[PDB]
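S.K.: Let me begin by handing over the structure; questions about it come next.
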Number of protein chains: 4
Amino acid sequence: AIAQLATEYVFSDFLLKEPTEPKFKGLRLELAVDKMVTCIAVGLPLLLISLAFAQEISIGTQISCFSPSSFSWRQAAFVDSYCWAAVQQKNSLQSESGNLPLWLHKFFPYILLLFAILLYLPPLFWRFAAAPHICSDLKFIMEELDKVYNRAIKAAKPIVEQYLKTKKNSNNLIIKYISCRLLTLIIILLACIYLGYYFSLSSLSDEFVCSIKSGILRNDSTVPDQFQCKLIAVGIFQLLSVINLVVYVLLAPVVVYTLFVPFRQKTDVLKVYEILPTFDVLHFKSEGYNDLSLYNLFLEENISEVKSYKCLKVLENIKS
Amino acid sequence: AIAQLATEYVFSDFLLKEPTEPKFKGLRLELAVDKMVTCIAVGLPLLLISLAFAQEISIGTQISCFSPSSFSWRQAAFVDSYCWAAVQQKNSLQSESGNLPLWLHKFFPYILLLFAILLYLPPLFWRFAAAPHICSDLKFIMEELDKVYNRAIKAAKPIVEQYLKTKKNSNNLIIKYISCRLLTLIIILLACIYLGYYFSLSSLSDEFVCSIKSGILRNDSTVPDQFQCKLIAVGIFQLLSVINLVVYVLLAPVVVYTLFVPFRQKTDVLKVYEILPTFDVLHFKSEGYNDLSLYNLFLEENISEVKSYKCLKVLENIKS
Amino acid sequence: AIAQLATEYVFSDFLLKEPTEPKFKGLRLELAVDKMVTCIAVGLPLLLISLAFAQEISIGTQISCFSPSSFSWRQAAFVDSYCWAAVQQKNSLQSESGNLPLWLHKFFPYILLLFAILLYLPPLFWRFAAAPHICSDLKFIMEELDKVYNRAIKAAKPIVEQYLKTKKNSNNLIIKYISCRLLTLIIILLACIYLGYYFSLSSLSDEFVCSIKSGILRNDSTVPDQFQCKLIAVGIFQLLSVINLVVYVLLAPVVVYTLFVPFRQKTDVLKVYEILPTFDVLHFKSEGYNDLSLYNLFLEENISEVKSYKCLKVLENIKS
Amino acid sequence: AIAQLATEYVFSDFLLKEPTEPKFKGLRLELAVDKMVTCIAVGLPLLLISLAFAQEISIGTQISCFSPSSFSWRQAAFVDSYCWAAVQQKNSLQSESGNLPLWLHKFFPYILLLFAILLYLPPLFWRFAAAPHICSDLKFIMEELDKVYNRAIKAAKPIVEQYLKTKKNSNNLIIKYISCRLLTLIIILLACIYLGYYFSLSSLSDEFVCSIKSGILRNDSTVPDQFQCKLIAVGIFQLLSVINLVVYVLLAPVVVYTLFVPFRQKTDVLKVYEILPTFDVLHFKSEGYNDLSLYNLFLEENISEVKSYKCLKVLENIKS
């Protein structure tokens with residue numbers, strides 16, 4: 001049913017579930033904005049595929065041909081199913097809108113799944129090529145900050161700074177993040193163009209002329225030379241196409257904004273720890289397209305997990 | 001079946017289940033009134049979608065056309081399924097109530113799901129944009145109160161007050177909560193208007209004239225020029241529409257009352273802790289549209305979880 | 001199948017399962033008599049909905065119309081399904097028992113689910129508006145009694161009394177319990193009246209006259225002007241209606257007895273603890289409609305859970 | 001399938017599973033003979049309901065009417081399904097065996113489920129009205145015996161007796177057990193009588209005369225005045241009825257023997273503990289219809305669970 005399909009792809013952690021794996025220590029290796037874009041760009045095409053051909057919205061089969069009244073049921077069943085297979089054969093289907101529009105109508109669910117998988121590949125590549133490096137690095141910095149905070153409490157009663165300085169002049173990981181977003185934006189635009197073209201097709205194009213004339217039936221003057229067939233699940237296609245087109249148009253600026261890594265990050269995420277006597281070093285140097293920008297974005301995204309940071313955040317917020 | 005569908009969306013934690021996630025410490029980041037509104041505004045449209053087209057209430061298919069007796073089964077099957085697809089084509093369906101009412105009848109389950117997802121978006125946005133900030137902040141205040149209470153017991157045998165004062169002059173989080181409720185109210189009103197319009201449609205409008213006359217059949221004087229078709233699952237639509245309309249009308253004041261954040265909160269939630277010698281500070285300053293109002297509402301909502309508060313509540317309640 | 005549906009709603013904890021939630025400490029916040037009433041008032045309507053339209057008891061579809069022998073299968077399928085949709089259209093169905101009885105027959109499963117959900121709302125409201133307050137309060141009194149008993153053992157080798165005195169003059173929670181039972185009784189009576197009216201309908205009323213005469217078919221003298229249709233799953237409806245009517249009649253006095261909160265409670269539930277030297281205070285003052293009556297009923301319901309009470313119960317029972 | 005249905009209700013803990021609930025401490029609150037009677041009296045009617053209408057044993061639908069050859073498929077489908085609904089209408093079905101036998105044949109699965117639920121009610125009442133009292137009491141006596149045994153070992157290197165004496169003169173719980181068995185026996189006898197009457201019905205009674213003559217068809221001389229219909233799934237009914245009848249006849253003496261509570265119990269279950277110097281008191285006084293008899297039966301049923309009893313049992317068994 002439509003409602004329970006909606007519960008499967010929406011209202012539940014379809015792919016936004018936390019990585020319940022005993023190697024990440026409960027961390028998240030994809031940002032909230034990236035997770036939202038991936039879930040929407042994947043969940044929607046799969047949801048529309050399910051909704052287009054679900055029950056309670058579609059009657060009968062996909063295609064139906066008007067066979068003559070003298071045909072039996074099996075002869076008409078042959079005609080209907082022949083013309084469904086007689087879409088990829090040029091010497092047939094004398095349609096008034098060309099051969100391409102009928103190709104898209106037959107394989108529209110396949111095309112929706114095609115770029116749904118393509119959109120999911122960069123997130124999958126990021127989780128298997130760069131995410132473990134982020135998890136390994138973040139698992140050390142967070143522990144190091146806890147040790148510094150504990151030592152500061154002992155004192156009251158800069159290895160990370162050197163590490164971050166080294167990572168500034170090594171753009172090995174930021175380029176991978178930029179590329180993954182860039183391919184995701186490109187595939188979204190390609191899907192945006194295709195849906196716009198599909199929605200622009202004339203509605204009076206699903207129907208086409210058909211003829212069972214090949215071999216034996218060719219020299220048998222007992223069947224009509226032209227059959228009227230119609231691809232029925234097409235009006236639903238042109239309704240979900242524009243819905244997916246609108247969402248992708250709205251989602252494209254989000255990916256474009258995500259591309260500007262240095263703009264998103266702020267250069268005071270670790271400024272909270274500069275008041276500790278043990279630290280006593282500057283944690284901010286500059287900005288730009290470098291791995292440090294990616295680390296700051298990742299750190300800021302899940303910095304509240306450690307208990308030490310929140311206590312420092314409260315202490316430095318009392319400035320009234 | 002209807003009963004087990006009811007068990008799926010009602011009588012169980014469809015979306016009101018606690019966030020069993022190892023990052024919230026068992027806290028709840030959405031209030032009881034907000035959770036109830038979200039569950040009803042989402043569960044009901046999905047329940048009505050399932051009930052409208054479930055078995056044991058619907059016979060046959062969605063549409064049926066009265067083909068002439070001279071037509072075969074496959075010809076009549078073509079006619080019935082053609083006219084189902086011949087609803088989005090203007091040069092057909094000479095209905096007596098216009099083109100729009102047949103559009104709504106065909107895609108009524110789609111429209112119900114459309115604003116069901118739209119109503120769920122603000123709760124989803126709140127849980128991924130502002131809920132972690134609430135969880136991070138509440139996890140520190142509750143621990144701080146426990147430490148103060150433990151220190152008070154040691155003494156017998158104001159960092160939070162400064163923190164709350166700072167949060168009064170920063171309306172960064174309350175505006176997000178107000179906006180999320182405002183969009184939820186707007187979508188409810190939009191759904192309220194649409195259901196009222198749909199229920200106001202004349203019942204003698206699902207049936208429409210149909211004609212298979214396009215291309216080959218156009219110059220073939222063998223089929224009747226007018227077919228009588230009927231959208232059958234329409235009377236059920238106009239029954240669940242008014243049911244959803246009534247609930248949304250009843251649910252609208254709840255969202256309106258939820259909008260008035262300062263009115264809902266009380267300015268003595270932390271007054272219980274003012275008797276401790278270590279605290280010895282005022283926890284109440286004033287009211288208004290500020291983050292402090294949201295924090296007080298969130299704190300009061302789940303203040304009984306900590307064991308320290310209940311003991312203080314019992315101690316201060318003995319005033320007879 | 002009927003048997004496995006019975007196992008789903010009966011013979012298992014459909015909604016009487018314990019609240020396996022890490023916030024109640026294994027306590028029960030609804031009494032045995034209230035749980036039994038809620039389970040019966042909810043399980044039975046859902047069971048009857050499943051049994052009425054399950055397989056092995058129903059043949060074919062819900063409605064069948066006697067089409068003339070000259071009609072094809074699809075024409076007869078149109079007639080049967082048209083008249084099923086032609087029940088909510090006044091200018092048709094010239095029945096001999098009126099328009100209302102056919103409305104109830106078509107939507108009888110919907111009506112059964114309607115008050116099944118309505119009956120479940122007060123228990124749901126009680127579990128989300130007053131149950132956490134009971135759990136928070138009972139979790140403190142039971143711990144306090146254990147501490148008093150432990151102190152008494154130390155002595156051998158009245159904060160609660162003051163708390164209960166304060167709760168006597170605050171009828172904030174008992175009114176909510178009285179209201180929830182009152183609405184449950186009202187909905188039961190409303191369901192009792194409806195089932196009695198439905199069972200009183202003449203059995204010779206499911207069948208009705210039908211006519212496919214609207215638009216094109218109106219000026220086409222080829223189809224009969226009157227069709228004989230019958231709502232078939234009606235005799236089963238009038239059998240389960242009286243079964244649900246009998247149970248609700250038997251269940252109504254149970255809710256009425258549950259309303260009398262002061263009568264149910266006994267004023268010696270905490271009298272067992274009065275022998276301890278540390279307690280040495282009276283735990284019983286009077287009765288009436290107050291929160292103390294509700295607390296005593298809740299305490300007595302699950303007082304054997306604590307190990308201290310049972311030992312005191314055995315000690316004070318040796319009076320032969 | 002039949003085999004997997006058998007695995008569902010037989011060969012598995014359908015309702016004999018242990019109460020996996022964190023409030024019983026692994027104890028069993030229903031005796032082996034009572035559990036066996038409840039499982040058989042419930043599992044068998046549900047098994048027969050599944051087997052009667054399962055696939056691979058039934059062909060087609062429940063009822064079939066011999067329509068004239070001039071009728072179309074839909075007309076014959078109307079006739080077959082009308083007469084299935086035309087069983088609860090007196091002015092029809094001129095059967096040669098009366099109106100009652102056709103009522104039972106149509107609703108035989110409903111009647112099997114009716115007393116299947118009725119038989120399960122006393123066990124359900126016992127588990128929610130008297131079982132927690134037994135669990136609370138048995139959880140204290142067993143712990144007390146362990147403490148006495150531990151103290152006896154310390155001595156080598158009568159609170160329960162007083163408690164049992166008090167429970168002799170309080171028949172508050174035994175009457176509930178006697179009543180539950182008595183209603184179970186009565187319902188078994190009522191089911192025994194009904195099955196005997198149903199099996200005694202003549203096999204030449206499922207078939208009956210039918211007539212679609214009401215309203216429009218009444219003054220239409222085109223259809224035959226008498227249709228021959230047959231309730232087909234009736235011979236299977238009279239086979240499972242006698243099978244259930246035989247089992248209930250065999251099961252009735254077991255319930256009758258279970259009624260004699262004092263006869264079943266033995267007055268030396270706690271005699272094993274009389275050799276301990278700390279105990280040094282008599283644990284046996286007399287017999288009769290009292291709560292002590294029920295406690296002894298419950299204690300003897302699960303006395304081997306405690307490790308102390310088995311060691312005493314071995315020690316006192318060395319008398320050769």
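Residue numbering restarts at 1 in every chain; chains get A, B, ... in the order shown in the structure tokens, and ligands count up from 1 in that same order.
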If you run DSSP on the backbone here, which positions in range 36-194 of chain C get strand (DSSP E or B)? Please write them as a list in words.

M.R.: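 Residues of range 36-194 of chain C classed as strand (DSSP E or B): residues 63, 64, 65 and 66 of chain C.
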
S.K.: Since we have the selection now, will you write its residues out, keeping C-alpha atoms, as a short mmCIF file (atom, residue, chain, number, x, y, z; two decimals), in the first residue's frame?

M.R.:
data_model
loop_
_atom_site.label_atom_id
_atom_site.label_comp_id
_atom_site.auth_asym_id
_atom_site.auth_seq_id
_atom_site.Cartn_x
_atom_site.Cartn_y
_atom_site.Cartn_z
CA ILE C 63 -22.08 -6.68 -3.17
CA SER C 64 -23.56 -8.49 -6.16
CA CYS C 65 -26.17 -7.25 -8.65
CA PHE C 66 -28.32 -9.47 -10.86
#

S.K.: Got a sec: who's within 9 Å of residue 148 in chain A, counting only C-alpha atoms, leaving out chain neighbours fewer than 6 positions off, as a short mmCIF file (atom, residue, chain, number, x, y, z; two decimals) with N, CA, C and O atoms, in the first residue's frame?

M.R.:
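This went into out28.cif:
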data_model
loop_
_atom_site.label_atom_id
_atom_site.label_comp_id
_atom_site.auth_asym_id
_atom_site.auth_seq_id
_atom_site.Cartn_x
_atom_site.Cartn_y
_atom_site.Cartn_z
N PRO A 158 51.21 20.90 23.13
CA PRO A 158 50.50 21.41 21.95
C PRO A 158 50.71 20.52 20.73
O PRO A 158 51.04 21.02 19.65
N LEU A 276 42.88 27.45 28.43
CA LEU A 276 43.56 26.50 29.31
C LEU A 276 45.05 26.82 29.37
O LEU A 276 45.67 27.04 28.32
N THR A 278 47.54 24.83 29.90
CA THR A 278 48.31 23.79 29.22
C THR A 278 48.33 24.02 27.71
O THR A 278 49.37 23.85 27.07
N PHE A 279 47.18 24.36 27.13
CA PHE A 279 47.10 24.64 25.70
C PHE A 279 47.92 25.88 25.35
O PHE A 279 48.92 25.78 24.63
#

S.K.: Set the cut-off to 6 Å and count only C-alpha atoms: what are the residues of chain B that reach chain A? Output as a PDB file with N, CA, C and O atoms, in the first residue's frame.

M.R.:
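iface22.pdb, freshly written:
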ATOM      1  N   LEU B  46      -1.981   8.805   6.623  1.00  0.00           N
ATOM      2  CA  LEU B  46      -1.505   7.498   6.185  1.00  0.00           C
ATOM      3  C   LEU B  46      -2.525   6.410   6.493  1.00  0.00           C
ATOM      4  O   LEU B  46      -2.693   5.470   5.709  1.00  0.00           O
ATOM      5  N   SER B  50      -4.499   3.992   3.649  1.00  0.00           N
ATOM      6  CA  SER B  50      -4.601   2.539   3.729  1.00  0.00           C
ATOM      7  C   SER B  50      -6.055   2.085   3.758  1.00  0.00           C
ATOM      8  O   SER B  50      -6.426   1.126   3.074  1.00  0.00           O
ATOM      9  N   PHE B  53      -8.334   2.300   0.200  1.00  0.00           N
ATOM     10  CA  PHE B  53      -8.127   1.313  -0.849  1.00  0.00           C
ATOM     11  C   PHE B  53      -7.813  -0.075  -0.307  1.00  0.00           C
ATOM     12  O   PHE B  53      -7.384  -0.948  -1.067  1.00  0.00           O
ATOM     13  N   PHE B  71     -18.564  -5.590 -27.529  1.00  0.00           N
ATOM     14  CA  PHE B  71     -17.132  -5.584 -27.275  1.00  0.00           C
ATOM     15  C   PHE B  71     -16.701  -6.860 -26.564  1.00  0.00           C
ATOM     16  O   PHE B  71     -17.433  -7.420 -25.744  1.00  0.00           O
ATOM     17  N   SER B  72     -15.494  -7.315 -26.887  1.00  0.00           N
ATOM     18  CA  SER B  72     -14.896  -8.439 -26.187  1.00  0.00           C
ATOM     19  C   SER B  72     -14.369  -7.978 -24.830  1.00  0.00           C
ATOM     20  O   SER B  72     -14.430  -6.797 -24.479  1.00  0.00           O
ATOM     21  N   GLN B  75     -11.274  -5.667 -25.393  1.00  0.00           N
ATOM     22  CA  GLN B  75     -11.695  -4.351 -25.859  1.00  0.00           C
ATOM     23  C   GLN B  75     -12.266  -3.522 -24.717  1.00  0.00           C
ATOM     24  O   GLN B  75     -11.964  -2.330 -24.594  1.00  0.00           O
ATOM     25  N   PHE B  78      -9.461  -2.465 -22.525  1.00  0.00           N
ATOM     26  CA  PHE B  78      -8.804  -1.300 -23.108  1.00  0.00           C
ATOM     27  C   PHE B  78      -9.590  -0.028 -22.825  1.00  0.00           C
ATOM     28  O   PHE B  78      -9.009   0.999 -22.463  1.00  0.00           O
ATOM     29  N   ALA B  85      -6.473   6.525 -17.966  1.00  0.00           N
ATOM     30  CA  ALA B  85      -5.373   7.360 -18.424  1.00  0.00           C
ATOM     31  C   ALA B  85      -5.843   8.594 -19.178  1.00  0.00           C
ATOM     32  O   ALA B  85      -5.090   9.567 -19.273  1.00  0.00           O
TER      33      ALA B  85
END

S.K.: When DSSP is applied to the backbone of this structure, which of range 255-301 of chain D are assigned helix (DSSP H, G or I)? Write them out as a PyMOL selection string.

M.R.: chain D and resi 255-259+261-264+271-275+291-301

S.K.: Would you write out those residues with C-alpha atoms, as a PDB file, in the first residue's frame?

M.R.:
ATOM      1  CA  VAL D 255     -10.912 -31.456  34.894  1.00  0.00           C
ATOM      2  CA  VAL D 256     -13.183 -33.372  37.286  1.00  0.00           C
ATOM      3  CA  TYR D 257     -10.149 -34.926  38.979  1.00  0.00           C
ATOM      4  CA  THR D 258      -8.517 -31.486  39.088  1.00  0.00           C
ATOM      5  CA  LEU D 259     -11.552 -30.193  41.006  1.00  0.00           C
ATOM      6  CA  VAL D 261      -7.992 -30.215  45.369  1.00  0.00           C
ATOM      7  CA  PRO D 262      -7.591 -31.941  48.788  1.00  0.00           C
ATOM      8  CA  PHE D 263      -7.355 -35.387  47.175  1.00  0.00           C
ATOM      9  CA  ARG D 264      -4.541 -34.380  44.809  1.00  0.00           C
ATOM     10  CA  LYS D 271       7.887 -33.016  56.093  1.00  0.00           C
ATOM     11  CA  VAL D 272      11.401 -33.146  54.608  1.00  0.00           C
ATOM     12  CA  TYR D 273      12.359 -29.940  56.449  1.00  0.00           C
ATOM     13  CA  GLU D 274      11.205 -31.162  59.880  1.00  0.00           C
ATOM     14  CA  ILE D 275      14.590 -32.765  60.625  1.00  0.00           C
ATOM     15  CA  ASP D 291      -5.951 -22.125  50.917  1.00  0.00           C
ATOM     16  CA  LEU D 292      -3.307 -24.350  52.542  1.00  0.00           C
ATOM     17  CA  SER D 293      -4.296 -27.177  50.192  1.00  0.00           C
ATOM     18  CA  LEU D 294      -3.761 -24.880  47.202  1.00  0.00           C
ATOM     19  CA  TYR D 295      -0.418 -23.688  48.589  1.00  0.00           C
ATOM     20  CA  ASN D 296       0.772 -27.265  49.130  1.00  0.00           C
ATOM     21  CA  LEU D 297      -0.201 -28.203  45.570  1.00  0.00           C
ATOM     22  CA  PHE D 298       1.590 -25.137  44.210  1.00  0.00           C
ATOM     23  CA  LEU D 299       4.647 -25.694  46.416  1.00  0.00           C
ATOM     24  CA  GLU D 300       4.927 -29.398  45.566  1.00  0.00           C
ATOM     25  CA  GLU D 301       4.577 -28.562  41.868  1.00  0.00           C
TER      26      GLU D 301
END

S.K.: Would you pick out the contacts of residue 179 in chain C at 12 Å or less, using only C-alpha atoms, so that residues sharing its chain but fewer than 2 positions from it are not included, and give the list as a list in words?

M.R.: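 Those residues are residues 122, 123, 125, 126, 130, 172, 173, 174, 175, 176, 177, 181, 182, 183, 184, 185, 186, 255, 258, 259, 260 and 261 of chain C.
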
S.K.: Rank D:160, D:40, D:48, D:188 by their smallest atom-to-atom distance to residue 110 in chain D, using only C-alpha atoms, and report the top residue only.

M.R.: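 Of the candidates, the smallest distance to residue 110 in chain D is held by D:48.
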
S.K.: Leaving out residue 197 in chain B and any residue of its chain fewer than 4 positions from it, which residues lie within 12 Å of it when counting only C-alpha atoms, given as JSON, numbers by chain?

M.R.: {"B": [100, 101, 104, 190, 191, 192, 193, 201, 202, 238, 241, 242, 245]}

S.K.: Would you write out those residues with N, CA and C atoms, as a PDB file, in the first residue's frame?

M.R.:
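Below is the file selection01.pdb, written as the result:
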ATOM      1  N   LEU B 100     -10.988  19.788 -13.272  1.00  0.00           N
ATOM      2  CA  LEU B 100     -10.304  19.694 -11.983  1.00  0.00           C
ATOM      3  C   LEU B 100     -10.847  18.589 -11.081  1.00  0.00           C
ATOM      4  N   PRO B 101     -12.165  18.417 -10.905  1.00  0.00           N
ATOM      5  CA  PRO B 101     -12.632  17.389  -9.954  1.00  0.00           C
ATOM      6  C   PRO B 101     -12.162  15.982 -10.286  1.00  0.00           C
ATOM      7  N   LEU B 104      -8.511  15.510  -9.041  1.00  0.00           N
ATOM      8  CA  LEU B 104      -8.382  15.256  -7.610  1.00  0.00           C
ATOM      9  C   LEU B 104      -8.781  13.828  -7.260  1.00  0.00           C
ATOM     10  N   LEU B 190      -3.746  24.738   5.067  1.00  0.00           N
ATOM     11  CA  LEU B 190      -3.824  24.434   3.642  1.00  0.00           C
ATOM     12  C   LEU B 190      -4.485  23.083   3.404  1.00  0.00           C
ATOM     13  N   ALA B 191      -4.132  22.078   4.209  1.00  0.00           N
ATOM     14  CA  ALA B 191      -4.817  20.793   4.123  1.00  0.00           C
ATOM     15  C   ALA B 191      -6.276  20.926   4.538  1.00  0.00           C
ATOM     16  N   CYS B 192      -6.554  21.792   5.514  1.00  0.00           N
ATOM     17  CA  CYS B 192      -7.932  22.034   5.927  1.00  0.00           C
ATOM     18  C   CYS B 192      -8.754  22.629   4.791  1.00  0.00           C
ATOM     19  N   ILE B 193      -8.178  23.579   4.052  1.00  0.00           N
ATOM     20  CA  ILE B 193      -8.898  24.204   2.946  1.00  0.00           C
ATOM     21  C   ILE B 193      -9.134  23.200   1.823  1.00  0.00           C
ATOM     22  N   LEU B 201     -17.266  19.095  -3.347  1.00  0.00           N
ATOM     23  CA  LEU B 201     -17.537  18.683  -4.716  1.00  0.00           C
ATOM     24  C   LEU B 201     -18.815  17.858  -4.778  1.00  0.00           C
ATOM     25  N   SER B 202     -19.598  18.076  -5.831  1.00  0.00           N
ATOM     26  CA  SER B 202     -20.837  17.331  -6.004  1.00  0.00           C
ATOM     27  C   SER B 202     -20.543  15.846  -6.163  1.00  0.00           C
ATOM     28  N   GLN B 238     -14.744  10.972  -0.189  1.00  0.00           N
ATOM     29  CA  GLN B 238     -15.466  12.080   0.420  1.00  0.00           C
ATOM     30  C   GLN B 238     -15.915  11.786   1.842  1.00  0.00           C
ATOM     31  N   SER B 241     -12.314  12.255   3.718  1.00  0.00           N
ATOM     32  CA  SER B 241     -11.908  13.654   3.615  1.00  0.00           C
ATOM     33  C   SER B 241     -12.513  14.483   4.739  1.00  0.00           C
ATOM     34  N   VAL B 242     -13.806  14.293   5.011  1.00  0.00           N
ATOM     35  CA  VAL B 242     -14.445  15.052   6.079  1.00  0.00           C
ATOM     36  C   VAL B 242     -13.951  14.587   7.444  1.00  0.00           C
ATOM     37  N   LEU B 245     -10.824  16.271   7.742  1.00  0.00           N
ATOM     38  CA  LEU B 245     -11.132  17.689   7.897  1.00  0.00           C
ATOM     39  C   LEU B 245     -11.528  18.017   9.330  1.00  0.00           C
TER      40      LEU B 245
END

S.K.: Find the distance between CA of residue 23 in chain D and CA of residue 24 in chain C and write it in Å to one decimal.

M.R.: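 Computed distance, CA of residue 23 in chain D to CA of residue 24 in chain C, equals 13.7 Å.
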
S.K.: Near residue 140 in chain A, counting only C-alpha atoms, which residues have an atom at most 12 Å away, once you skip same-chain residues fewer than 2 positions from it, shown as a list in words?

M.R.: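 Surrounding residues, per the criterion: residues 24, 25, 133, 134, 135, 136, 137, 138, 142, 143, 144, 145, 146, 147, 159, 160, 163 and 299 of chain A.
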
S.K.: For CA of residue 267 in chain D and CA of residue 284 in chain D, quote the distance in Å rounded to one decimal.

M.R.: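 Interatomic distance here is 6.0 Å.
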